[PDB]
Amino acid sequence: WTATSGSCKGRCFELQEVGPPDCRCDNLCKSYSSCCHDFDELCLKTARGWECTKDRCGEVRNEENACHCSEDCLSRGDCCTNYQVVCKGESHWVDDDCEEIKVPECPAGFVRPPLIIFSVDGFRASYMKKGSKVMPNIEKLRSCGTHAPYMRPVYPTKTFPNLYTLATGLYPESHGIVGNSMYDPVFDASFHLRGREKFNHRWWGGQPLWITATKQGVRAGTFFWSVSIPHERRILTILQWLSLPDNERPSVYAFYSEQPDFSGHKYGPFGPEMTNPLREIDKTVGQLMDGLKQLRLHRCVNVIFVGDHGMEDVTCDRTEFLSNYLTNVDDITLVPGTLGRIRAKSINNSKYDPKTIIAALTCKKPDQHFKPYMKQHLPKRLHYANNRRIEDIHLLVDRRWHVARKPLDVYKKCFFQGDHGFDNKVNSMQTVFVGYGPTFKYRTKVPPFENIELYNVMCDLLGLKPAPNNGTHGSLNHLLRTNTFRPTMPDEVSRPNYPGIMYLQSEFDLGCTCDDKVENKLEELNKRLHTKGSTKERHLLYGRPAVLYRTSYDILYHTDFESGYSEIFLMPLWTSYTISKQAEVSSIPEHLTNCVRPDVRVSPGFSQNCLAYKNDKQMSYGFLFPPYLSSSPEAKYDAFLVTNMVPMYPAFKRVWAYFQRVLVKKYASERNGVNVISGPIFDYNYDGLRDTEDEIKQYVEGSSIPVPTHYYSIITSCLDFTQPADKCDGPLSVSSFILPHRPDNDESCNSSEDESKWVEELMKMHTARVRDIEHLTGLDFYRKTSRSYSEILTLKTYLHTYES
Ligand SMILES: *[C@@H]1O[C@H](CO)[C@@H](O[C@@H]2O[C@H](CO)[C@@H](O[C@@H]3O[C@H](CO[C@H]4O[C@H](CO)[C@@H](O)[C@H](O[C@H]5O[C@H](CO)[C@@H](O)[C@H](O)[C@@H]5O[C@H]5O[C@H](CO)[C@@H](O)[C@H](O)[C@@H]5O)[C@@H]4O)[C@@H](O)[C@H](O[C@H]4O[C@H](CO)[C@@H](O)[C@H](O)[C@@H]4O[C@H]4O[C@H](CO)[C@@H](O)[C@H](O)[C@@H]4O)[C@@H]3O)[C@H](O)[C@H]2NC(C)=O)[C@H](O)[C@H]1NC(C)=O
Ligand SMILES: Cn1c(C(=O)NC2CS(=O)(=O)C2)cnc1COc1cc(Cl)c(C#N)cc1C(C)(C)C
Ligand SMILES: [Ca+2]
Ligand SMILES: [Ca+2]
Ligand SMILES: [Cl-]
Ligand SMILES: [Cl-]
Ligand SMILES: [K+]
Ligand code: NA
Ligand SMILES: [Zn+2]
């Protein structure tokens, strides 16, 4: 109950929320049924529209007008945005030449350049080129400022997840807004876009920019705009706030447009009806820039033009129905559409079985347009699991499709021709970034980056210390003229041991055999040299990874590879090797098929053993440095050391062997050599973070050998592929993956076929950033290169997406 019979006189769009049941005049007032009686009359004026005309110039102020063309309007801060153009012979901002903004050019009393975030819903990356002819203001921002070819959203590629990631620098799993609808079992409550539920603070985790700003003495405008406030009035409201006195004036502002998403849903991304919404957004940008120019702020304010997600072609007829797969279809609740999430109708149902639901959804139809996953099995690059609001069963829906429970759900609740929410690597989901202003670079292209990075930059732009987030601070320094954040490499926590030969063969009782007894003085000194690190400059190109937690580990050198061998996990944390373009692939000789060799540098008590793998009927083993890429028959013996062995499901060994036997050499040939770092990952609680050993849920039967949840590889080469990987003078090129270590290949529908037909496709789905691997391993890579640390941070954030 509000008492809506106070007044908004002189409080229109007040910045501090006065508290119920005083009546409100800020702009959530609408969403709470709490506006003062006179809010519309006083705060939402519309008379005479939004543009000065020649006849209004010098008018007598009339306070009923929506905006003013009277002589006193600039000092009152409420002219129509085109006032100077119409009434003072000025040029529209868009008609002026691009002029570099080397320093902020701010009115007196401005302590720092303001930041305006101009967010556009559903603005697909390719609109920048395809609509260029009708968006002159946006094209000027883009060509004059700093821009990327596109910006990668987070998954799911929906509005609230992406805008709140923008505001927090957090993955949806961490901020809590994991979809446009959710259930929180702990709260026992449901969240929807409609409804008033979404306004409860309990949903919204992390620390959004406006709170970061306010805690550190920087004032913010509103970020949420009521749907009934027209765009022209949101712009005027921002410009009015910008004429407040210095002690009252915000430094950060946001403007939000429901378009072009709104029309894209109706008309598809490139429907003829989409030209007009693009024109209208551009005109709104024009109003802001002309309003800034009137206030002498157009060379003072940093503007960020950013989208939340793109838009794909999606129709009613491209819908998969769970009722075509399950019989029990009425025992589930599906969160439907461009993703699926499944849980039980009743938690009083003890008969509900995830495993049978998954099996009933797996490769059941030959052209099936969705794939089921337990959420812990989703590609780690989605970071979509560590939240109670994300249901254990997930469906990744093919682009251009929907999933629904039953057909009646689609015609008792055709219309739409566009939608979004797919995998965030999908081209049609990519969105836009432009930064324009004194702090951004001039006429600069930057590579595509992820929207989780922007929070740190926005904090830099405003002199704020960012709250802890998923960005990599420094990775976007290259966007900025000044206000760079000069990151420093994290300190190594554990220093390695460098063991020599300390154990006689007979001290080992591992139940291993190798056929390796086959006796020179030239070749005697050589082997010694290799075991002491003589080839290490070839195989370890970017220094040793730093271990950023407390543990016990050994560096082991070999002719063909170097490893960091964990005494706690009984296997390498990392294995590093370089494969030149000219390298030869060989087979595992017949006599060496089951060969495993004790490592006389490492104690029996810190070694794996062969017996465990023999007794474990489900578990086999593989090798991190592949025997197939041995430099010589003699070097090959090194690859069979027990210190190179790792636990692997037979089904996973199909993947791993094909990667090691065929793909590494392919990459070396295409990229002119590669450096490979491979190792295990343990993420049993699916939080994206290295497990401690007391979190491991599975071991090789009857042993203390932990079973990895995933295997990674980082594959680096020279960006200038005329230079070999091992003699690269300039920037690097990387691709990485985090393959799930699964006992079946049920994820791959074509896995009964030869590996040449499915393995590479799996690996692409599980592409990863180096930084993803860093979080999962507590390692820090690229410690010793020629390159600046900011560049390396950019490289560590790169994702190879394999889109056309
Ligand atoms: C992306 O970046 C983010 C942000 O940097 C990273 O997330 C951080 O990870 C940290 C490590 O996991 C984590 O730290 C823990 O937090 C506990 C304090 O928590 C509250 O306070 C903060 C600060 O204001 C707040 O942000 C938190 O927010 C969560 O809480 C609610 C969820 O209901 C939501 O409002 C919000 O969305 C957020 O949810 C998300 O995070 C939680 C976990 O915090 C998830 O469960 C959700 O799914 C969702 O993802 C909190 O309100 C602190 O209590 C923990 O301490 C334990 O462990 C330490 C080890 O040193 C030790 O001292 C103790 O043993 C202690 O153990 C005791 O508690 C145990 C666990 O309950 C118990 O089992 C023991 O036996 C003991 O009693 C811990 O420090 C930090 O909170 C999050 N921050 C955020 C915002 O998510 C994220 O990791 C990054 N992602 C990647 C991939 O890098
Ligand atoms: C998205 N949105 C809506 C909306 O969705 N309205 C419909 C749901 S309805 O049914 O109520 C009508 C209204 N205003 C906004 C803008 O919100 C933002 C803008 C930016 Cl720039 C950032 C950042 N950084 C963050 C946000 C929020 C979402 C975190 C507040
Ligand atoms: Ca949206
Ligand atoms: Ca973990
Ligand atoms: Cl916004
Ligand atoms: Cl959703
Ligand atoms: K076995
Ligand atoms: Na399969
Ligand atoms: Zn939409």
# chains A, B, ... in the order shown; residues from 1 in each chain; ligands from 1
$ residues_near_ligand --ligand "ligand 4" --cutoff "6 Å" --atoms "only C-alpha atoms and all ligand atoms" --output "list in words"
residues 683, 684, 685, 686, 687, 688, 689, 690 and 691 of chain A
$ residues_near_ligand --ligand "ligand 8" --cutoff "8 Å" --atoms "only C-alpha atoms and all ligand atoms" --output "ChimeraX atom specification"
/A:363,744-752
$ atom_distance --atom1 "CA of residue 466 in chain A" --atom2 "atom 87 (O, counted along the ligand's line) of ligand 1"
14.1 Å
$ residues_near_ligand --ligand "ligand 9" --cutoff "7 Å" --atoms "only C-alpha atoms and all ligand atoms" --output "CSV table (one decimal) with C-alpha atoms, in the first residue's frame"
chain,number,residue,atom,x,y,z
A,122,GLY,CA,19.1,-7.9,-29.8
A,158,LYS,CA,19.1,-13.9,-23.2
A,159,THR,CA,18.6,-10.3,-22.0
A,261,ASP,CA,15.0,-7.3,-30.3
A,262,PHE,CA,11.3,-6.6,-30.1
A,265,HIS,CA,11.3,-11.6,-32.7
A,419,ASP,CA,14.7,-15.8,-31.3
A,420,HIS,CA,18.0,-16.0,-29.3
$ residues_around --residues "residue 665 in chain A" --least-positions-apart "2" --cutoff "12 Å" --atoms "only C-alpha atoms" --output "PyMOL selection string"
chain A and resi 578-586+626+628-629+658-663+667-676+715
$ closest_atom_pairs --of "chain A" --to "ligand 6" --cutoff "12 Å" --atoms "only C-alpha atoms and all ligand atoms" --output "JSON lines"
{"residue": "A:155", "atom": "CA", "partner": "ligand 6", "partner_atom_place_in_ligand_line": "1 (Cl)", "distance": 9.9}
{"residue": "A:156", "atom": "CA", "partner": "ligand 6", "partner_atom_place_in_ligand_line": "1 (Cl)", "distance": 7.1}
{"residue": "A:157", "atom": "CA", "partner": "ligand 6", "partner_atom_place_in_ligand_line": "1 (Cl)", "distance": 8.8}
{"residue": "A:158", "atom": "CA", "partner": "ligand 6", "partner_atom_place_in_ligand_line": "1 (Cl)", "distance": 7.0}
{"residue": "A:159", "atom": "CA", "partner": "ligand 6", "partner_atom_place_in_ligand_line": "1 (Cl)", "distance": 9.4}
{"residue": "A:160", "atom": "CA", "partner": "ligand 6", "partner_atom_place_in_ligand_line": "1 (Cl)", "distance": 9.2}
{"residue": "A:161", "atom": "CA", "partner": "ligand 6", "partner_atom_place_in_ligand_line": "1 (Cl)", "distance": 8.7}
{"residue": "A:162", "atom": "CA", "partner": "ligand 6", "partner_atom_place_in_ligand_line": "1 (Cl)", "distance": 11.5}
{"residue": "A:172", "atom": "CA", "partner": "ligand 6", "partner_atom_place_in_ligand_line": "1 (Cl)", "distance": 11.2}
{"residue": "A:177", "atom": "CA", "partner": "ligand 6", "partner_atom_place_in_ligand_line": "1 (Cl)", "distance": 9.2}
{"residue": "A:178", "atom": "CA", "partner": "ligand 6", "partner_atom_place_in_ligand_line": "1 (Cl)", "distance": 7.0}
{"residue": "A:179", "atom": "CA", "partner": "ligand 6", "partner_atom_place_in_ligand_line": "1 (Cl)", "distance": 3.5}
{"residue": "A:180", "atom": "CA", "partner": "ligand 6", "partner_atom_place_in_ligand_line": "1 (Cl)", "distance": 4.1}
{"residue": "A:181", "atom": "CA", "partner": "ligand 6", "partner_atom_place_in_ligand_line": "1 (Cl)", "distance": 4.8}
{"residue": "A:182", "atom": "CA", "partner": "ligand 6", "partner_atom_place_in_ligand_line": "1 (Cl)", "distance": 7.0}
{"residue": "A:183", "atom": "CA", "partner": "ligand 6", "partner_atom_place_in_ligand_line": "1 (Cl)", "distance": 10.6}
{"residue": "A:190", "atom": "CA", "partner": "ligand 6", "partner_atom_place_in_ligand_line": "1 (Cl)", "distance": 12.0}
{"residue": "A:191", "atom": "CA", "partner": "ligand 6", "partner_atom_place_in_ligand_line": "1 (Cl)", "distance": 10.0}
{"residue": "A:192", "atom": "CA", "partner": "ligand 6", "partner_atom_place_in_ligand_line": "1 (Cl)", "distance": 9.1}
{"residue": "A:193", "atom": "CA", "partner": "ligand 6", "partner_atom_place_in_ligand_line": "1 (Cl)", "distance": 9.9}
{"residue": "A:334", "atom": "CA", "partner": "ligand 6", "partner_atom_place_in_ligand_line": "1 (Cl)", "distance": 10.5}
{"residue": "A:335", "atom": "CA", "partner": "ligand 6", "partner_atom_place_in_ligand_line": "1 (Cl)", "distance": 6.8}
{"residue": "A:336", "atom": "CA", "partner": "ligand 6", "partner_atom_place_in_ligand_line": "1 (Cl)", "distance": 7.5}
{"residue": "A:337", "atom": "CA", "partner": "ligand 6", "partner_atom_place_in_ligand_line": "1 (Cl)", "distance": 7.9}
{"residue": "A:338", "atom": "CA", "partner": "ligand 6", "partner_atom_place_in_ligand_line": "1 (Cl)", "distance": 8.2}
{"residue": "A:339", "atom": "CA", "partner": "ligand 6", "partner_atom_place_in_ligand_line": "1 (Cl)", "distance": 7.1}
{"residue": "A:340", "atom": "CA", "partner": "ligand 6", "partner_atom_place_in_ligand_line": "1 (Cl)", "distance": 8.1}
{"residue": "A:341", "atom": "CA", "partner": "ligand 6", "partner_atom_place_in_ligand_line": "1 (Cl)", "distance": 8.4}
{"residue": "A:342", "atom": "CA", "partner": "ligand 6", "partner_atom_place_in_ligand_line": "1 (Cl)", "distance": 11.7}
{"residue": "A:389", "atom": "CA", "partner": "ligand 6", "partner_atom_place_in_ligand_line": "1 (Cl)", "distance": 10.7}
{"residue": "A:390", "atom": "CA", "partner": "ligand 6", "partner_atom_place_in_ligand_line": "1 (Cl)", "distance": 9.8}
{"residue": "A:391", "atom": "CA", "partner": "ligand 6", "partner_atom_place_in_ligand_line": "1 (Cl)", "distance": 11.3}
{"residue": "A:394", "atom": "CA", "partner": "ligand 6", "partner_atom_place_in_ligand_line": "1 (Cl)", "distance": 11.3}
{"residue": "A:395", "atom": "CA", "partner": "ligand 6", "partner_atom_place_in_ligand_line": "1 (Cl)", "distance": 11.6}
{"residue": "A:419", "atom": "CA", "partner": "ligand 6", "partner_atom_place_in_ligand_line": "1 (Cl)", "distance": 12.0}
{"residue": "A:420", "atom": "CA", "partner": "ligand 6", "partner_atom_place_in_ligand_line": "1 (Cl)", "distance": 10.2}
{"residue": "A:421", "atom": "CA", "partner": "ligand 6", "partner_atom_place_in_ligand_line": "1 (Cl)", "distance": 7.6}
{"residue": "A:422", "atom": "CA", "partner": "ligand 6", "partner_atom_place_in_ligand_line": "1 (Cl)", "distance": 10.4}
$ write_last_selection --atoms "N, CA and C atoms" --output "mmCIF file, in the first residue's frame"
data_model
loop_
_atom_site.group_PDB
_atom_site.id
_atom_site.type_symbol
_atom_site.label_atom_id
_atom_site.label_comp_id
_atom_site.auth_asym_id
_atom_site.auth_seq_id
_atom_site.Cartn_x
_atom_site.Cartn_y
_atom_site.Cartn_z
ATOM 1 N N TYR A 155 26.313 -17.334 -22.115
ATOM 2 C CA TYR A 155 25.240 -18.297 -22.226
ATOM 3 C C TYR A 155 24.386 -18.339 -20.958
ATOM 4 N N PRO A 156 23.035 -18.401 -21.011
ATOM 5 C CA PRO A 156 22.270 -18.315 -22.237
ATOM 6 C C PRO A 156 22.190 -16.889 -22.796
ATOM 7 N N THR A 157 22.034 -16.805 -24.098
ATOM 8 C CA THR A 157 22.121 -15.574 -24.791
ATOM 9 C C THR A 157 20.745 -14.897 -24.796
ATOM 10 N N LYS A 158 20.299 -14.608 -23.591
ATOM 11 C CA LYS A 158 19.096 -13.929 -23.229
ATOM 12 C C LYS A 158 19.463 -12.592 -22.569
ATOM 13 N N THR A 159 18.452 -11.741 -22.390
ATOM 14 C CA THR A 159 18.607 -10.345 -21.995
ATOM 15 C C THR A 159 19.133 -10.179 -20.577
ATOM 16 N N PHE A 160 18.404 -10.689 -19.584
ATOM 17 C CA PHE A 160 18.752 -10.414 -18.203
ATOM 18 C C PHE A 160 20.094 -11.048 -17.829
ATOM 19 N N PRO A 161 20.349 -12.287 -18.241
ATOM 20 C CA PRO A 161 21.677 -12.873 -18.017
ATOM 21 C C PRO A 161 22.813 -12.009 -18.580
ATOM 22 N N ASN A 162 22.649 -11.543 -19.818
ATOM 23 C CA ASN A 162 23.720 -10.777 -20.464
ATOM 24 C C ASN A 162 23.841 -9.362 -19.892
ATOM 25 N N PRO A 172 26.625 -15.794 -15.422
ATOM 26 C CA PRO A 172 25.315 -16.054 -14.827
ATOM 27 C C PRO A 172 25.303 -17.058 -13.676
ATOM 28 N N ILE A 177 21.513 -14.844 -12.225
ATOM 29 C CA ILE A 177 20.485 -14.689 -13.187
ATOM 30 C C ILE A 177 20.774 -15.610 -14.384
ATOM 31 N N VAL A 178 20.364 -16.895 -14.280
ATOM 32 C CA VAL A 178 20.833 -17.948 -15.156
ATOM 33 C C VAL A 178 19.859 -18.173 -16.319
ATOM 34 N N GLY A 179 18.758 -17.425 -16.358
ATOM 35 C CA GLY A 179 17.846 -17.414 -17.490
ATOM 36 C C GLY A 179 16.838 -16.265 -17.383
ATOM 37 N N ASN A 180 16.006 -16.176 -18.388
ATOM 38 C CA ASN A 180 14.870 -15.226 -18.395
ATOM 39 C C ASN A 180 13.716 -15.772 -17.553
ATOM 40 N N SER A 181 13.742 -17.080 -17.173
ATOM 41 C CA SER A 181 12.883 -17.752 -16.095
ATOM 42 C C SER A 181 13.714 -18.699 -15.216
ATOM 43 N N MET A 182 13.403 -18.820 -13.910
ATOM 44 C CA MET A 182 14.137 -19.688 -12.999
ATOM 45 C C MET A 182 13.295 -20.161 -11.809
ATOM 46 N N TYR A 183 13.709 -21.276 -11.177
ATOM 47 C CA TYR A 183 13.166 -21.752 -9.886
ATOM 48 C C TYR A 183 14.335 -21.813 -8.892
ATOM 49 N N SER A 190 9.804 -18.817 -7.834
ATOM 50 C CA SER A 190 9.936 -18.741 -9.306
ATOM 51 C C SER A 190 10.166 -17.292 -9.815
ATOM 52 N N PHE A 191 11.025 -17.076 -10.845
ATOM 53 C CA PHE A 191 11.435 -15.710 -11.395
ATOM 54 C C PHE A 191 11.008 -15.663 -12.834
ATOM 55 N N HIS A 192 10.339 -14.578 -13.204
ATOM 56 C CA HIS A 192 9.851 -14.348 -14.562
ATOM 57 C C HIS A 192 10.035 -12.847 -14.884
ATOM 58 N N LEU A 193 10.109 -12.543 -16.189
ATOM 59 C CA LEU A 193 10.364 -11.185 -16.747
ATOM 60 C C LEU A 193 9.191 -10.252 -16.443
ATOM 61 N N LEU A 334 9.752 -28.731 -18.125
ATOM 62 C CA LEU A 334 10.681 -28.192 -19.035
ATOM 63 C C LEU A 334 10.628 -26.653 -18.942
ATOM 64 N N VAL A 335 11.789 -26.037 -18.714
ATOM 65 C CA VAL A 335 12.017 -24.651 -19.130
ATOM 66 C C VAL A 335 12.416 -24.681 -20.594
ATOM 67 N N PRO A 336 11.551 -24.210 -21.504
ATOM 68 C CA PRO A 336 11.663 -24.454 -22.925
ATOM 69 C C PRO A 336 12.263 -23.355 -23.803
ATOM 70 N N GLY A 337 12.366 -23.625 -25.097
ATOM 71 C CA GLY A 337 12.657 -22.638 -26.107
ATOM 72 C C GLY A 337 13.990 -22.884 -26.772
ATOM 73 N N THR A 338 14.911 -21.904 -26.637
ATOM 74 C CA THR A 338 16.233 -21.950 -27.382
ATOM 75 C C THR A 338 17.249 -22.683 -26.525
ATOM 76 N N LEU A 339 16.875 -23.047 -25.321
ATOM 77 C CA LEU A 339 17.594 -24.007 -24.456
ATOM 78 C C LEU A 339 16.503 -24.805 -23.746
ATOM 79 N N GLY A 340 16.887 -25.950 -23.185
ATOM 80 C CA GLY A 340 16.012 -26.654 -22.273
ATOM 81 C C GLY A 340 16.669 -26.958 -20.978
ATOM 82 N N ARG A 341 15.860 -26.878 -19.931
ATOM 83 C CA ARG A 341 16.196 -27.267 -18.652
ATOM 84 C C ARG A 341 15.049 -28.133 -18.132
ATOM 85 N N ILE A 342 15.390 -29.279 -17.537
ATOM 86 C CA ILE A 342 14.423 -30.296 -17.093
ATOM 87 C C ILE A 342 14.633 -30.625 -15.627
ATOM 88 N N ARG A 389 19.904 -22.945 -9.357
ATOM 89 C CA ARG A 389 18.842 -22.565 -10.269
ATOM 90 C C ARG A 389 18.999 -23.211 -11.649
ATOM 91 N N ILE A 390 20.128 -23.866 -11.897
ATOM 92 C CA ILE A 390 20.356 -24.460 -13.171
ATOM 93 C C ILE A 390 20.089 -25.935 -12.941
ATOM 94 N N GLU A 391 19.143 -26.455 -13.709
ATOM 95 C CA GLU A 391 18.655 -27.777 -13.436
ATOM 96 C C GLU A 391 19.744 -28.740 -13.939
ATOM 97 N N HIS A 394 20.083 -30.450 -18.929
ATOM 98 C CA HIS A 394 20.135 -29.359 -19.857
ATOM 99 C C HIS A 394 20.015 -29.877 -21.261
ATOM 100 N N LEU A 395 19.335 -29.119 -22.122
ATOM 101 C CA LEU A 395 19.322 -29.388 -23.497
ATOM 102 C C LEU A 395 19.963 -28.235 -24.263
ATOM 103 N N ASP A 419 14.528 -15.581 -32.699
ATOM 104 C CA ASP A 419 14.736 -15.773 -31.286
ATOM 105 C C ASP A 419 16.254 -15.888 -31.011
ATOM 106 N N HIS A 420 16.595 -16.034 -29.743
ATOM 107 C CA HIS A 420 17.962 -16.041 -29.302
ATOM 108 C C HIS A 420 17.978 -16.803 -28.010
ATOM 109 N N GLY A 421 19.189 -17.129 -27.556
ATOM 110 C CA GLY A 421 19.382 -17.933 -26.327
ATOM 111 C C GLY A 421 20.314 -19.112 -26.489
ATOM 112 N N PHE A 422 20.706 -19.399 -27.717
ATOM 113 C CA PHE A 422 21.607 -20.502 -28.134
ATOM 114 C C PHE A 422 23.009 -20.298 -27.532
#
$ residues_near_ligand --ligand "ligand 2" --cutoff "8 Å" --atoms "only C-alpha atoms and all ligand atoms" --output "VMD selection string"
chain A and resid 31 117 to 119 121 159 to 160 163 to 168 193 to 195 208 to 209 223 to 227 254 to 258 455
$ residues_around --residues "residue 18 in chain A" --least-positions-apart "6" --cutoff "12 Å" --atoms "only C-alpha atoms" --output "PyMOL selection string"
chain A and resi 2+6+8+11+24-29+34-36
$ select_by_dssp --residues "range 96-341 of chain A" --states "strand (DSSP E or B)" --output "JSON, numbers by chain"
{"A": [115, 116, 117, 118, 119, 120, 121, 124, 146, 147, 151, 152, 182, 183, 184, 189, 190, 191, 220, 252, 253, 254, 255, 256, 257, 258, 259, 260, 302, 303, 304, 305, 306, 307, 312, 313, 319, 320, 321, 332, 333, 334, 335, 337, 339, 340, 341]}
$ write_last_selection --atoms "C-alpha atoms" --output "PDB file, in the first residue's frame"
ATOM      1  CA  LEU A 115      30.322   7.171 -18.702  1.00  0.00           C
ATOM      2  CA  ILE A 116      27.089   6.537 -20.635  1.00  0.00           C
ATOM      3  CA  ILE A 117      26.251   2.935 -21.375  1.00  0.00           C
ATOM      4  CA  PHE A 118      23.905   2.802 -24.376  1.00  0.00           C
ATOM      5  CA  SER A 119      22.563  -0.793 -24.451  1.00  0.00           C
ATOM      6  CA  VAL A 120      20.580  -2.122 -27.355  1.00  0.00           C
ATOM      7  CA  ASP A 121      18.546  -5.292 -27.041  1.00  0.00           C
ATOM      8  CA  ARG A 124      23.262  -8.602 -33.784  1.00  0.00           C
ATOM      9  CA  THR A 146      37.107   1.921 -30.699  1.00  0.00           C
ATOM     10  CA  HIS A 147      35.135  -1.052 -31.996  1.00  0.00           C
ATOM     11  CA  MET A 151      31.374  -9.071 -28.806  1.00  0.00           C
ATOM     12  CA  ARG A 152      30.635 -12.537 -27.413  1.00  0.00           C
ATOM     13  CA  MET A 182      14.137 -19.688 -12.999  1.00  0.00           C
ATOM     14  CA  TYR A 183      13.166 -21.752  -9.886  1.00  0.00           C
ATOM     15  CA  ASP A 184      15.194 -21.432  -6.674  1.00  0.00           C
ATOM     16  CA  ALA A 189      10.413 -19.306  -5.501  1.00  0.00           C
ATOM     17  CA  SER A 190       9.936 -18.741  -9.306  1.00  0.00           C
ATOM     18  CA  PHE A 191      11.435 -15.710 -11.395  1.00  0.00           C
ATOM     19  CA  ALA A 220      24.888   6.632 -10.761  1.00  0.00           C
ATOM     20  CA  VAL A 252      27.648   6.848 -14.740  1.00  0.00           C
ATOM     21  CA  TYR A 253      24.438   6.549 -16.761  1.00  0.00           C
ATOM     22  CA  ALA A 254      22.632   3.879 -18.773  1.00  0.00           C
ATOM     23  CA  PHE A 255      20.112   4.033 -21.624  1.00  0.00           C
ATOM     24  CA  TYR A 256      18.334   0.899 -22.764  1.00  0.00           C
ATOM     25  CA  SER A 257      16.487   0.174 -26.008  1.00  0.00           C
ATOM     26  CA  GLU A 258      13.988  -2.768 -26.277  1.00  0.00           C
ATOM     27  CA  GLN A 259      14.747  -2.526 -29.990  1.00  0.00           C
ATOM     28  CA  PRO A 260      15.750  -4.062 -32.203  1.00  0.00           C
ATOM     29  CA  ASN A 302      32.834   8.180 -22.720  1.00  0.00           C
ATOM     30  CA  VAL A 303      30.027   6.395 -24.581  1.00  0.00           C
ATOM     31  CA  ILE A 304      29.704   2.602 -24.720  1.00  0.00           C
ATOM     32  CA  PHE A 305      27.319   1.286 -27.398  1.00  0.00           C
ATOM     33  CA  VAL A 306      26.793  -2.318 -26.559  1.00  0.00           C
ATOM     34  CA  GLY A 307      24.319  -5.127 -27.213  1.00  0.00           C
ATOM     35  CA  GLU A 312      18.517 -15.900 -35.258  1.00  0.00           C
ATOM     36  CA  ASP A 313      15.759 -17.187 -37.631  1.00  0.00           C
ATOM     37  CA  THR A 319      10.234 -27.178 -32.760  1.00  0.00           C
ATOM     38  CA  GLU A 320      11.278 -30.503 -31.169  1.00  0.00           C
ATOM     39  CA  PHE A 321       8.802 -31.945 -28.672  1.00  0.00           C
ATOM     40  CA  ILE A 332       8.705 -33.358 -16.036  1.00  0.00           C
ATOM     41  CA  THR A 333       8.835 -29.576 -16.024  1.00  0.00           C
ATOM     42  CA  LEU A 334      10.681 -28.192 -19.035  1.00  0.00           C
ATOM     43  CA  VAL A 335      12.017 -24.651 -19.130  1.00  0.00           C
ATOM     44  CA  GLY A 337      12.657 -22.638 -26.107  1.00  0.00           C
ATOM     45  CA  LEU A 339      17.594 -24.007 -24.456  1.00  0.00           C
ATOM     46  CA  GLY A 340      16.012 -26.654 -22.273  1.00  0.00           C
ATOM     47  CA  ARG A 341      16.196 -27.267 -18.652  1.00  0.00           C
TER      48      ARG A 341
END
$ closest_residue --among "A:614, A:787, A:142, A:445" --to "ligand 7" --atoms "only C-alpha atoms and all ligand atoms"
A:614
$ closest_residue --among "A:393, A:218, A:148, A:648" --to "ligand 7" --atoms "only C-alpha atoms and all ligand atoms"
A:648
$ select_by_dssp --residues "range 54-184 of chain A" --states "helix (DSSP H, G or I)" --output "PyMOL selection string"
chain A and resi 54-56+73-76+83-88+93-95+127-130+132-134+136-144+159-168+172-175
